[PDB]
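Before any questions on how it binds or moves, here is one chain, the form deposited in one PDB entry, in structure tokens.
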């Protein structure tokens, strides 16, 4: 799962299945710059958690509630 763009183009569909089951990023290569394909749920989860880390109480809340 570090591949050329032209191959990522043909395999796009299984690559979407993979990213949703694996939850690892796929590094895509090109003359145009590299891209990462990742699952929407991993992306959302990461952006949401970094937003919540704005408030240091929030991590304590989250940690405390898990361990319940």
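Superpose the two forms; the largest set of C-alphas matching within 1.5 Å is the rigid core. Numbering follows the first chain given and starts at 1.
Here the subject shifts to the form deposited in another entry, a form of this protein not shown in this document.
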query: Threshold 2 Å Cα movement between this form and the one not shown for residue 48, core superposed; finding: yes
query: Rigid core superposition, residue 12 Cα moves 2 angstroms or more between this form and the one not shown; finding: no
query: Flag for residue 60, CA shift 2 Å or larger between this form and the one not shown after aligning core; finding: yes
query: Inter-Cα distance between residue 50 and residue 27 in the other entry, nearer or further [3 Å or more]; finding: closer
query: Direction of C-alpha distance change in the other entry, residue 50 to residue 28 (at least 3 Å); finding: closer
